[PDB]
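Take a look at the structure below.
The values are calculated or read from the model by the stated rules, or taken from the named source; these are not laboratory values. Here the Cβ is made from the backbone with ideal geometry for all residues, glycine too, and neighbour counts use every protein chain on show.
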Amino acid sequence: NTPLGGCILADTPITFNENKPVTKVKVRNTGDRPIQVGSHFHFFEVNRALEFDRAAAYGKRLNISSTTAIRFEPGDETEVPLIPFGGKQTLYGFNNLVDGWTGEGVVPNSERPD
Amino acid sequence: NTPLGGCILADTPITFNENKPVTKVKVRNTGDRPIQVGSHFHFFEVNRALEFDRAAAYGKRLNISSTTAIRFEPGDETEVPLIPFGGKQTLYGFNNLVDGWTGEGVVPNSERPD
Amino acid sequence: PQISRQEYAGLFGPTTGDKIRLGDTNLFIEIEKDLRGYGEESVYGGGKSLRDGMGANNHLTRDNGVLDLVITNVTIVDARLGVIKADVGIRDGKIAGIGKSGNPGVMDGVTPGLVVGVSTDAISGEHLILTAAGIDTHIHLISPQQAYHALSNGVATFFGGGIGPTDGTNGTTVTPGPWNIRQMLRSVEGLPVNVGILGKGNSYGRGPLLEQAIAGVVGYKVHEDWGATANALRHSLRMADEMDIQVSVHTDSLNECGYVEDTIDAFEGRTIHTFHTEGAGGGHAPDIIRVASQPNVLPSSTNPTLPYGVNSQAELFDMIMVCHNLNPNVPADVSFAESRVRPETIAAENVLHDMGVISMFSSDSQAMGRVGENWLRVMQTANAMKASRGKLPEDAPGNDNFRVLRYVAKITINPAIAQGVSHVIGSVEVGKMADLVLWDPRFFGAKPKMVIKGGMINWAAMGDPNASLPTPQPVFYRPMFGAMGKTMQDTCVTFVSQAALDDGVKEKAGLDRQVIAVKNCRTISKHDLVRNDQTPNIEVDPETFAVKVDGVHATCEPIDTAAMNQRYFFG
Amino acid sequence: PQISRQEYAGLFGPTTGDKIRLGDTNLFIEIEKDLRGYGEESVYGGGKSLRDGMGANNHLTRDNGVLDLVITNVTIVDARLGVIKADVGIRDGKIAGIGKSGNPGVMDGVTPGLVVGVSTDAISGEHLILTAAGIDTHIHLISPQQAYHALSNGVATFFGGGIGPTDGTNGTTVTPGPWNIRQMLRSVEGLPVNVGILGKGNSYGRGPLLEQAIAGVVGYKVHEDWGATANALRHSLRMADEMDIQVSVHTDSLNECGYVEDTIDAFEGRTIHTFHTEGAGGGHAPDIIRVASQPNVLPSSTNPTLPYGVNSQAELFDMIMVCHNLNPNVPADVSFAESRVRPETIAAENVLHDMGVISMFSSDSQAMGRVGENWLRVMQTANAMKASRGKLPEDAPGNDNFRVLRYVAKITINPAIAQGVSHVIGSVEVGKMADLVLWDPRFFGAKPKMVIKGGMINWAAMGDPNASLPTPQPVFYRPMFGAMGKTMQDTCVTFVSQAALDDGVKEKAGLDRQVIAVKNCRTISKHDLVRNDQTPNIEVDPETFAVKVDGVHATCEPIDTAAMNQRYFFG
Amino acid sequence: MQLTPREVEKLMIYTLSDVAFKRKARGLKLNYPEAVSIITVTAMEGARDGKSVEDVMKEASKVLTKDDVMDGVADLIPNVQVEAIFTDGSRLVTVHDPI
Amino acid sequence: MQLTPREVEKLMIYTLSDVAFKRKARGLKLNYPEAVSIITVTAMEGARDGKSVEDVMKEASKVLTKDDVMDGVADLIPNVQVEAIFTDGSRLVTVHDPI
Ligand code: NI
Ligand code: NI
Ligand code: NI
């Protein structure tokens, strides 16, 4: 039995988007104010204050569940797994740093100077 | 193997509409000319020359494959199985004898003039 | 990464295999399919997937696909292929697509007819249930407030007739003659529901029926008070053939012109809508249910009898005296009711709904019927028939989808098929109109959150308008922007015959409402009705009024406590 | 009653489980489903089911459902859910339904959308195959007779550009400028096929591309002869975003502006149609197939290379000299061809079609391509890949449906998706236009009996018109009533952009043909293409031109004798 | 609360019942709306308490007599109708002449 | 009185609180609207008495238990919102699960 509006949930955990590369990066908040980045935000077009390997985040979002965001306090250093965007991988907006195209590139991580 | 444009049919015979009542009737051609009745022709609204139990064919067609027709020569008497029409069982045209639906009467073969 | 379904259900809602309890009933509905790739779930909020360059996109609305509104992952309950979890899209007041939403340029597996952009405004689809709005084929136009009570329970479509509180209207759903029809088509301009006017189907000539068809009637009405004669039906059916409309019947309960078998001969196997197939509302007493055995018939039912209660026998002996102005002192008036109050057919009606014989559900509002208890009384019967008759052979071994899908079809898709408006409204399918209802599973079938009509919210649950949120008390239902100004007329549909549409009723009668012509009323049968295609043999005893279906006595014991009533309502 | 399938096949044709051999090939197609209740099969003839009060009915045509034409029991070969036996309905030049035909009043299980009446004219669907007509995305408008040869093989839709036999047109599919576009949109009035004009996509400014979009072009064309620069591409796509149209590319084979990787950077991951993805027709030599690995790309292919024959190597060196006026004496002209005649990519192209990478199939007519051998060369490749690579893991254990459904998708639904005309034409689905082809399984993919366009027969096999039957010799194909008078224009569609349709090109250019605006060209990807959603990794050796797909060498040995050619054709 | 219009209008009828039993406490002859107000509240309260249709009809007839109302109020009330929510659902309550 | 619409609608919620307290006196398990009525009135009365937001939130949680309501009413009420006029002005009152 279960209460009103309850869910008799099956004993099985959910599996997220598999067969997609993962990139672990150490992100440290240099600024004196807190920063929180959402699931689908493009980390390459984030604040300049955050010190990390910027070049490794080409067309790559957070490797966490959709919707949710992870908070960074001033100074605190946190490791974050990153996953590449799906479909055509054509991003626009954020800070006018790239606005479209994809990097990718089989064998060399080249193109798009900044 | 099969020739070009041929059909490799499976070893199984086709089953034509089951769970529908059957009515066997002896039909004799009194007239001196031949008569051929098609699969979906309403047997009650046929030529007056054919001598048979007319009342039994209330909204009933021939119990043979669709399209095909069976020929009757002058004088020749042939037994023919009859099947009732599908859907709403409401027939129109032929000889203006009924032009309506044959009611699935509540147990008796009654209603309408003949 | 991997995470448990408990935290997923708390944010994104259920998925494949999860069962949802429908309020305080014993019914549980399992998700048959999830049309989404796990990982890219689309939801709106502070720092969520639906932002610039993530869920949205820089392309224009003209690029057929950019939605006007999206329901962020909801559990659909449709009769065609329901009990599925998917993002539903709205565009031009119609259902664009059902599957996965977002930006295909940066998300994998996004459905082509379902993309979020600059034109979309999201709805919190999670932890809720979506469905097609209800239709009521028996509506006496006695009061215009009736619609607010109907729309307050998930019924955004009306079908019937009347002028106002006239005794003529109080007993019969008719708007007789072109003058009354035009005045009612014009009064409906100030109503927040779809309407289908029914004319009087009592005539020997072809002309008086033709006048009403060209005036703008979706069908005809044949009442026992106006004379349900073999000629009144023959001529109403003859005209309904050439006009492509549906005739509704309330047969002669006095057995004056003939018996039930004589009126079936007068039908001539032509499709017809039968009100109150049980017999409380009307029809050839005692064996009316006998009509539900033929295929041409489209059986509907009034809702004061469903569910079959212990105290139902007492109330209907006094109720019958007001609707058809019958006197309690005249012997012919009271002795006539003694047969119509037969309790054996009311219990049979309830099991016939479970078997799939009574194909739809109506009300007969303010004349032996309640308009604001329709979806409720459907789910109340579903709880009683599961607790007594148990799970069906067609029903699944671990869920009650088959019964719910069969029962929601009686109020959503089947009444729409009957009155020739399937293509417009009926089911949550692509290309159809956006007449949808949203409710919490806790308040399912009784109290919805919102009521979307033509892609705009017409009616919804709302708190104090001066407050800082829409949830603070007093939370009572009020008309929304979809029921204000010119948008009420735009989003509502005045149904008529093709003859009337071709003649130019919209211009002649000056209707700012949307005008769609009814069609495919005559060729349809009981097999075309969803989840209720059974035509079983019937045997009814005329003395004690006992009903036997296929040589088996059809009955059930009454219930004292029904599901969802004093626990949610006040009055 | 019971009867054998041998006598049933001789009258009513095959059904569930029956396999049909496609001509002299090794391919057999099995029926996956039969949408009909056995017993009431609908066929026309002397004393058959389709007569007054049997298959027909006394109700009017305005009762939405009465068909204008019905195909009596045919084996459909659609890429969505084909290989089914069902009665197909035609009404208002569109598909009204697919299932069972006849009178629902006297026949059980008749589909509501499909009813035969007084308005229907039957077609002998039995012992024949039905399919959607073919589309050709690479058409140089060099000669108007080209359409007769195309339509004589089941291709009732064209897509390309040109003025006439100008060297400019002989090498590039372009109708450049509003003047040339109006003259060609107006010359197409006397053509019996659908047409989609492509403008020149070679400009640095927005303006010159806008002038063509508003004039009436379905897309743009970027050729190496007119300069396939990164700017010509990046600015053509920028306009194709705001206009919702498809750009077709014939990349710089000289590697002048950059390499293939520099042009993929210029695309910026925006959807694009790539002609001759192999390299014979054109494109960045040698690794042009490398472009098919990305998802935004829509790969098509010319048909002189498919199937890969033993003598294909020789004809290309002489053929390449005329199409792009290359001199046999100049060293830079002949040494440039030595790389483009690479035989390793032609064998890879054939296997890539089987794998489901090359999503569609074109021609490049009268410029390294044949218009009248499209459907033929598709089925010729299907026979070669089955005989060499064998049955696929996705393919069934006893039939070759998966391969045929994958291969028919390349000429029917995928080119329609690419050029944004899916909703109009592409598959045998409900609500789509009636652009269908009929052939005997004996003559499948080479010679059809009829060609229905907009519900009327446009072209068909016809004998001596003076004879007592249509079958007596000489039987050569001639234009029918669907290609005569004003009916040719009615049944054919001149595709344009929305921007052009909104401006009023039908009125400005004075087009008596049907004018439909293309849409959903930008958001689509490789996954939206039917049966060809694979995006595998690629590795191409630049010295010997060897192609490795996912670390496996992609090639196959050539064939000397192909299926259906000498046995059916004469010349 | 999600009060449907049927529930909102059933509050103005209860507001009158408190004024009817407050005036009854002082010893006043009830008028037409006051008499019907205290007659209908016993059906709604009866349905809330779980009483059957038979019980509430007879109980509604034994609330007031001819001396408890004004002269002529019994003549204009030969019947009193009202809908209340019972354990099985909404049911009609017809009280034929309660005085 | 110059009753603004916000004040007029706050009377129909008080009419229900008297019916909720009257049914509580007879010993009846309150339903959804009745439970929320008597929960919201304590916030309006609390704000009238001059009680702080902290006091009225905790006081509104200690009015009824699971035995004082019907089976399932606690499951469908994880939060109760209402606005009352305090000494400083109109303030929100969110009661997270009072049962
Ligand atoms: Ni009635
Ligand atoms: Ni070319
Ligand atoms: Ni070309």
Which one is surrounded by the most Cβ atoms within 10 Å (Cβ to Cβ), of the residues in the stretch C:448-490 that are of a type in the set (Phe, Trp, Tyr) and within 14 Å of chain E (Cβ to nearest Cβ)? C:459
Residue among D:112, D:165, D:144 that is surrounded by fewer than 24 Cβ atoms within 10 Å (Cβ to Cβ), within 14 Å of chain C (Cβ to nearest Cβ) and either within 16 Å of ligand 3 (Cβ to nearest atom) or not in a helix (DSSP H, G or I) (or both): D:112
Step by step: first the residues of the stretch C:313-346, then only those that are in contact with a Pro (Cβ under 7 Å, 6 or more places away or on another chain) and away from ligand 1 (no atom under 16 Å from the Cβ), then the one that is nearest to residue C:260 (Cα to Cα). Which residue is that? C:339
Among the numbered conditions (1) exposed (fewer than 15 other Cβ atoms within 10 Å of the Cβ); (2) of a type outside the set (S, T, N, Q); (3) under 30 Å from residue F:81 (Cα atoms), tell me where residue E:84 comes up short. (1)
Selection within the stretch D:262-283 - more than 11 Å from ligand 2 (Cβ to nearest atom) and in contact with an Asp or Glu (Cβ under 8 Å, 6 or more places away or on another chain): D:263, D:265, D:270, D:277, D:278
Being more than 10 Å from chain A (Cβ to nearest Cβ), outside any loop (DSSP other than H, G, I, E, B) and among the hydrophobic types (A, V, I, L, M, F, W, C) is the filter here, so list the residues in the stretch C:15-74 that pass it. C:29, C:66, C:69, C:70, C:71, C:74
How many of the residues making up the stretch C:512-571 are touching a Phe, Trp or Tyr at 6+ places or on another chain (Cβ under 9 Å), within 30 Å of residue D:107 (Cβ to Cβ) and small (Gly, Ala, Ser)? 1
From the options D:286, D:304, D:299, residue that is surrounded by 18 or more Cβ atoms within 10 Å (Cβ to Cβ), more than 14 Å from ligand 2 (Cβ to nearest atom) and within 19 Å of the chain's Cα centre (by Cα): D:299
Residue in the stretch D:363-405 that is nearest to the other protein chains (Cβ to nearest Cβ), counting only those that are of a type in the set (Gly, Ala, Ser) and within 16 Å of ligand 2 (Cβ to nearest atom): D:363
Can you find a residue in the stretch B:49-70 that is within 14 Å of chain C (Cβ to nearest Cβ), in contact with a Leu (Cβ under 7 Å, 6 or more places away or on another chain), crowded, with 17+ Cβ neighbours inside 10 Å and not aliphatic (A, V, I, L, M)? yes
So, residue E:1, is that one among the hydrophobic types (A, V, I, L, M, F, W, C), within 14 Å of chain C (Cβ to nearest Cβ), under 24 Å from residue F:13 (Cα atoms) and not in a helix (DSSP H, G or I) or not? yes
Any chance the stretch C:88-105 includes a residue that's within 29 Å of residue E:3 (Cα to Cα), touching a residue at least 24 places away in the same chain (Cβ under 8 Å) and not hydrophobic (A, V, I, L, M, F, W, C)? yes
Could you grab me the full set of residues in the stretch B:83-101 that are of a type outside the set (A, V, I, L, M, F, W, C) and either more than 8 Å from every other protein chain (Cβ to nearest Cβ) or farther than 18 Å from residue C:293 by Cα (or both)? B:84, B:92, B:93, B:95, B:96, B:99, B:100
Evaluate the stretch D:265-276: report whether one residue or more is on the phi > 0 side of the Ramachandran plot, more than 16 Å from ligand 1 (Cβ to nearest atom) and surrounded by 24 or more Cβ atoms within 10 Å (Cβ to Cβ). yes
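Step by step: first the residues of the stretch C:147-162, then only those that are in a helix (DSSP H, G or I) and not hydrophobic (A, V, I, L, M, F, W, C), then the one that is farthest from residue C:483 (Cα to Cα). Which residue is that?
C:149
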Helices (runs of 4 or more DSSP H) fully within the stretch D:204-311 counting 3 or more residues that are touching a residue at least 12 places away in the same chain (Cβ under 8 Å) and not assigned by CATH to the domain that holds residue D:378: none
Count of the stretch D:261-287 residues which are within 14 Å of chain A (Cβ to nearest Cβ) and either out of contact with any strand residue (DSSP E or B) (no Cβ under 9 Å at 6 or more places or on another chain) or of a type in the set (A, V, I, L, M, F, W, C) (or both): 9
Residues that are under 26 Å from the mean Cα position of the chain (by Cα): which strands (runs of 3 or more DSSP E) entirely in the stretch D:463-556 hold 3 or more of them? D:476-479
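Return yes when residue C:495 is closer than 23 Å to residue C:96 by Cα and surrounded by fewer than 20 Cβ atoms within 10 Å (Cβ to Cβ) and no when it is not.
no
Regarding residue D:25, is this residue over 26 Å from residue B:38 (Cα atoms), hydroxyl-bearing (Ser, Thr, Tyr) and either within 22 Å of the chain's Cα centre (by Cα) or in the same structural domain as residue D:532 (by CATH) (or both)?
On the way: over 26 Å from residue B:38 (Cα atoms): yes; hydroxyl-bearing (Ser, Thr, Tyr): yes; either within 22 Å of the chain's Cα centre (by Cα) or in the same structural domain as residue D:532 (by CATH) (or both): yes.
Here the answer is yes, as residue D:25 does meet what is asked.
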Among the residues of the stretch C:169-204, write down those that are among the hydroxyl-bearing types (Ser, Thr, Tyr), more than 16 Å from residue C:497 (Cα to Cα) and touching a helix residue (DSSP H, G or I) at 6+ places or on another chain (Cβ under 6 Å). C:203, C:204
Selected residue (criterion: farthest from the chain's Cα centre (by Cα)) from residues of the stretch F:9-40 that are of a type in the set (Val, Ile, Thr) and within 10 Å of chain C (Cβ to nearest Cβ): F:19
Consider residue B:34 against the criteria (1) away from chain C (no Cβ under 14 Å); (2) surrounded by 14 or more Cβ atoms within 10 Å (Cβ to Cβ); (3) over 24 Å from residue C:262 (Cβ atoms): it satisfies all of them except one. Which criterion is unmet? (2)
Every pair of residues 6+ apart whose Cβ atoms lie under 7 Å, when the first sits in the stretch C:433-459 and is without any contact (Cβ under 8 Å) to a residue 40 or more places away in the chain and in the same structural domain as residue C:373 (by CATH) while the second is outside any strand (DSSP E or B) and surrounded by fewer than 24 Cβ atoms within 10 Å (Cβ to Cβ): none
Which of the residues belonging to the stretch C:1-10 are assigned to a loop (DSSP other than H, G, I, E, B), at the interface with chain A (Cβ under 9 Å from one of its Cβ atoms) and touching a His at 6+ places or on another chain (Cβ under 9 Å)? none
Need pairs with beta-carbon distance below 7 Å; first residue closer than 25 Å to residue C:449 by Cβ and within the stretch C:142-171, second among the aliphatic types (A, V, I, L, M) and part of a strand (DSSP E or B); sequence gap 6+ or separate chains. C:151/C:451; C:154/C:437; C:154/C:451; C:156/C:451; C:157/C:135; C:158/C:139; C:158/C:195
